[PDB]
Amino acid sequence: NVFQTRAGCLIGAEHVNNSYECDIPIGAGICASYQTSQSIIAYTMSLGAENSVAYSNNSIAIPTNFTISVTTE
Amino acid sequence: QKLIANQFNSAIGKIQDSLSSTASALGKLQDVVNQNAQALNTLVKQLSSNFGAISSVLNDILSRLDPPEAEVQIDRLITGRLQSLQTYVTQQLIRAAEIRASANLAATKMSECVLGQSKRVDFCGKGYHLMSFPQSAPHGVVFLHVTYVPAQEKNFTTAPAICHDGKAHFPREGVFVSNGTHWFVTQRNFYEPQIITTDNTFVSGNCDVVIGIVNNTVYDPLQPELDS
Amino acid sequence: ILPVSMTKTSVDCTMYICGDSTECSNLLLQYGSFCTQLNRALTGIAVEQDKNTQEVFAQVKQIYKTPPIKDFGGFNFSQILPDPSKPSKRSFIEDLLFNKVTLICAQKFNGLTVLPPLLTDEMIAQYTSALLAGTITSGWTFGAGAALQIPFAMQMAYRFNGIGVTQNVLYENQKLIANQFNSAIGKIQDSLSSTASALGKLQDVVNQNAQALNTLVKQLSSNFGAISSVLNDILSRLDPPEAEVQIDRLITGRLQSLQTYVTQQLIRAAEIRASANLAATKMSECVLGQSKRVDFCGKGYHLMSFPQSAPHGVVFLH
Ligand SMILES: *[C@@H]1O[C@H](CO)[C@@H](O[C@@H]2O[C@H](CO)[C@@H](O)[C@H](O)[C@H]2NC(C)=O)[C@H](O)[C@H]1NC(C)=O
Ligand SMILES: *[C@@H]1O[C@H](CO)[C@@H](O[C@@H]2O[C@H](CO)[C@@H](O)[C@H](O)[C@H]2NC(C)=O)[C@H](O)[C@H]1NC(C)=O
Ligand SMILES: *[C@@H]1O[C@H](CO)[C@@H](O[C@@H]2O[C@H](CO)[C@@H](O)[C@H](O)[C@H]2NC(C)=O)[C@H](O)[C@H]1NC(C)=O
Ligand SMILES: *[C@@H]1O[C@H](CO)[C@@H](O[C@@H]2O[C@H](CO)[C@@H](O)[C@H](O)[C@H]2NC(C)=O)[C@H](O)[C@H]1NC(C)=O
Ligand SMILES: *[C@@H]1O[C@H](CO)[C@@H](O)[C@H](O)[C@H]1NC(C)=O
Ligand SMILES: *[C@@H]1O[C@H](CO)[C@@H](O)[C@H](O)[C@H]1NC(C)=O
Ligand SMILES: *[C@@H]1O[C@H](CO)[C@@H](O)[C@H](O)[C@H]1NC(C)=O
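Residues numbered from 1 in each chain as written, not as in the entry; some residues may be left out. Chains lettered and ligands numbered in written order. Part of a larger assembly, values for the part shown. Heavy atoms only, no water. Residues with missing side-chain atoms left out of burial classes, pairs and counts.

Method-wise, the PDB entry is recorded as coming from cryo-EM, at a reported resolution of 3.58 Å.

1. Digging into the overall build of chain C
What counts here: Under the scheme used here, helices are H or I runs from DSSP no shorter than 4 residues and strands are E runs no shorter than 2 residues, and both carry numbers assigned from the N terminus. To get the radius of gyration, use the C-alpha atoms; to get the globule rule, take the number of residues to the power 0.38 and multiply by 2.2 Å. Each residue is placed in one exposure class: buried if its accessible area under a 1.4 Å probe, protein chains only, is under 20% of its type's maximum, exposed if it is over 50%, and partly exposed if it falls in between. Note that accessible areas follow from Shrake-Rupley with a 1.4 Å probe, and for residues the cover is restricted to the protein chains shown. Only four residue types enter the charge count, namely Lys and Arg as positive and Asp and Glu as negative; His and the chain termini do not. By convention, charge coordinates are those of NZ in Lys, CZ in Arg, CG in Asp, or CD in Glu.
The helix and strand inventory of chain C stands at 11 helices and five strands. What you see for chain C is a C-alpha radius of gyration of 25 Å, clearly larger than the 20 Å of a compact globule of 318 residues, by over 25%. Seen through its principal axes, chain C has C-alpha atoms that stretch 90 × 35 × 35 Å. Put simply, chain C has 318 residues, and 55% of those count as buried. For chain C, the accessible surface area stands at approximately 13,300 Å², while carbon and sulfur atoms represent 55% of it. Separation between the mean location of the 25 positive side-chain charges and that of the 23 negative ones in chain C comes to 10 Å.

2. Here we look at the interface of chain A and chain C
As a reminder of what qualifies: In this analysis, two residues are considered to be in contact whenever any of their non-hydrogen atoms come within 4.5 Å of each other.
Facing 22 residues of chain A, the contacting portion of chain C comprises 23 residues. Listing elements by their share of the side of chain A that touches chain C, those giving two or more residues are β4 (24-27) and β7 (59-63) of chain A. When residues in the side of chain A that touches chain C are grouped by element, the largest group, four residues, is from β7(A).

3. Regarding the environment of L192(C)
All names here are of chain C. Here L192 shows up in helix α8 (residues 168-193). Residue classification places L192 among the buried residues on the basis of a relative accessible area of 9%. Through-space distance from the C-alpha of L192 to that of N209 is 24 Å; in sequence the pair is 17 residues apart. Setting aside anything within four residues of it in sequence, one finds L192 in contact with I93, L96, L97, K100, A198 and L199.

4. Regarding unusual backbone geometry
Residues other than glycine seldom take positive phi values, yet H139(B) does so here, at roughly 55°. Here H139(B) shows up in the loop between β1 (128-137) and β2 (140-148). Residue classification places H139(B) among the exposed positions, given a relative accessible area of 73%. For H312(C), which is not a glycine, the phi torsion comes out positive at approximately 55°. Relative to the helices and strands, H312(C) resides in the loop between β4 (306-310) and β5 (313-317). You can call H312(C) partly exposed: its relative accessible area is 30%.

5. A short note on the interface of chain B and chain A
Many structure descriptions define interface size as the accessible area lost when the parts assemble. The line we're drawing: Values labelled buried area give the accessible surface lost by two parts on being combined, using a 1.4 Å probe and summing over both. Throughout this description, the term salt bridge denotes a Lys or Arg side-chain nitrogen within 4 Å of a carboxyl oxygen of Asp or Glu. Distance and chemistry together define a polar contact, namely a pair of N or O atoms within 3.5 Å, with one atom able to donate a hydrogen and the other to accept it when in protein, and with adjacent residues in sequence counting only for side-chain atoms on both sides. Amino acids outside the nonpolar list (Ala, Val, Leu, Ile, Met, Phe, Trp, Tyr, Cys, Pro) and the charged list (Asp, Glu, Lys, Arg) are all regarded as polar, and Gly is one of them. Should DSSP find at least two bridges between two strands, the strands are taken to pair.
Across the boundary between the two partners, chain B contributes 33 residues, which contact 16 residues of chain A. Carbon and sulfur atoms make up 62% of the surface buried where chain B meets chain A, a total of about 2,400 Å² over both sides. Here chain B is connected to chain A by one salt bridge. As a salt-bridge pair, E73(A) and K109(B) come within 2.7 Å of each other at their nearest N and O atoms. At the boundary of chain B and chain A, one finds 13 residue pairs in polar contact. Per element, the largest residue contribution to the side of chain B that touches chain A is eight residues, and it comes from β2(B). Classifying every residue of the side of chain B that touches chain A gives 20 nonpolar, nine polar and four charged. Relative to strand β3 (residues 153-157) of chain B, β7(A) runs antiparallel, the two sharing five bridges.

Structure (structure tokens):
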């Protein structure tokens, strides 16, 4: 139970092939997180959550309806 | 209108909750207040440190020693503390200019965002921007950027022009679209199709140069009038 | 070409100052908080250095990617869009950059370590593949909401009106423009290939840091009026009540020489933080939108922009 990283020697967490959004960023793309029993998992972070837009040279997509957010700054 | 009001009225509500149920929204403000205080305590604790003096009480050296002794010590205290001010000072000057640079970022949002309507994308918060409400907060300020984010999309088949008679037509404002049977010219951010008549469209040159033009008939507003 | 982050170092206060001497480190106990408020500083930097890069690049919800097939109405991005046959997909231009810019363990020998950036030059180049693939397909709207496919040349028809040229220009000239644009891209390669003086900025930051390390290191070898700049020598040769007085000067000396090094960072690091935001803006207004602010986005009316990362930096093609 030791996972050598690009960052350094990580002791006490469980490498995970899966990749989730970043949580406790460590280094070099390795973001630990707590959940599954449970233990700390350290997994290469997923920049974002993938998408691809169906482009096509005649195909436009026009929102029909909106929202109003409110945010804070 | 009705809908929007609700969306907005509702939207306000969540803020209370976003703020009530969370201490991690205000981290920024909350931080500044630390780093200052954080930096004071440090400054204070420095009083208790010897800096290589025999003791960190000034009067002790004074008490126990005869001054030509204390002279040499009390240097180190002075030398020490005096330094430890400059460290504290400088840290402020820098920090204080990290605020001065975040005032102006407020003094701007306050000006452009509040007092105006901002065109600068994602300055005033993700989405197109409608208005904003400042709210002070301690040593801080808080904007509520009411912004307008579009939602439900419908693919369509667009074409950049229309050959009418061999003239083109291009939309005067916002894309052409069709849902696959009739062509419609809509405004670009909110699907609201409209039949295509010469008032939607202006004409430029003949067809062919256009790449992707498509056929259709552009109805005349007038002709029905001239129909009689 | 904007700097964005800077190399995040971090520095042990202690062993920098005291090599392997409790006797030293004991003395160092006296000054107290210093040793631990450097690290507070140099972390405060090194933390944000990954907030900068966060804000510049990660403005995008969802990593996008181009369609498989490139039908752009004639503009040709193969230069900029990620290079699939690269191992790390850094599209062509970005690679000119990583060459045009430039030991790592040489500086990390006296506690002066260099923590790796939160993001990795591989990721950075996924984002700027998003930004650059949403810009292309989705128009700008992907900053304002759900990305919306719109056919490019029915975008550059809008990014015209934004400059007050009626669109019937575009379609009627489309072919020409494509060439002008396709050509125009080309020269960049050459501007970058044949010249080391484009990237001076980025190239500089990287110096001044390293420049400032060496200085910091060399300070180890200086006497500061001590009998010698080796700690253990004084230790060796003298009996401590002697060394006590000396090792002050070393400590006093080095300790000072940190603060100088620290402060220089804090200032410098806030010269980046002020040039991140200038990127974090261009990235927002210029890329994700179309900017009306004259000569913000480069001389001329402004059509669009393509970011390209570059090491500790970012590069726009306006
Ligand atoms: C636009 O979207 C809003 C929600 O974002 C829709 O509002 C809901 O509409 C349904 C049915 O019309 C109602 O049952 C709900 O009460 C509405 N919600 C609110 C908060 O008012 C709205 O209908 C959508 N409009 C269109 C044309 O799709
Ligand atoms: C695309 O939208 C147009 C506009 O509504 C549709 O044409 C109309 O379709 C409705 C369907 O009930 C008819 O009642 C109208 O009489 C049609 N208008 C005309 C002028 O014929 C068209 O059907 C839509 N296409 C699709 C696939 O939804
Ligand atoms: C749009 O409709 C016109 C007809 O109004 C089409 O023009 C025809 O084009 C073909 C080949 O280019 C010629 O052989 C015909 O003689 C043309 N007809 C006329 C009346 O000029 C045009 O092709 C249509 N556009 C598309 C994209 O199909
Ligand atoms: C887009 O531009 C790139 C580079 O300008 C083109 O790449 C060259 O394409 C020719 C084909 O005409 C090949 O023979 C060369 O090997 C390519 N050069 C390089 C460096 O890869 C590309 O073909 C263009 N594609 C489009 C669709 O415009
Ligand atoms: C990770 O996954 C790869 C394939 O996804 C598999 O071959 C490998 O054994 C896994 N290893 C670990 C440590 O999960
Ligand atoms: C439009 O078509 C694309 C093609 O894949 C699809 O991804 C998208 O969901 C479609 N839009 C709607 C509203 O169905
Ligand atoms: C769009 O691309 C398709 C590819 O299937 C091509 O056949 C068609 O000519 C193109 N038309 C336009 C208007 O781009």
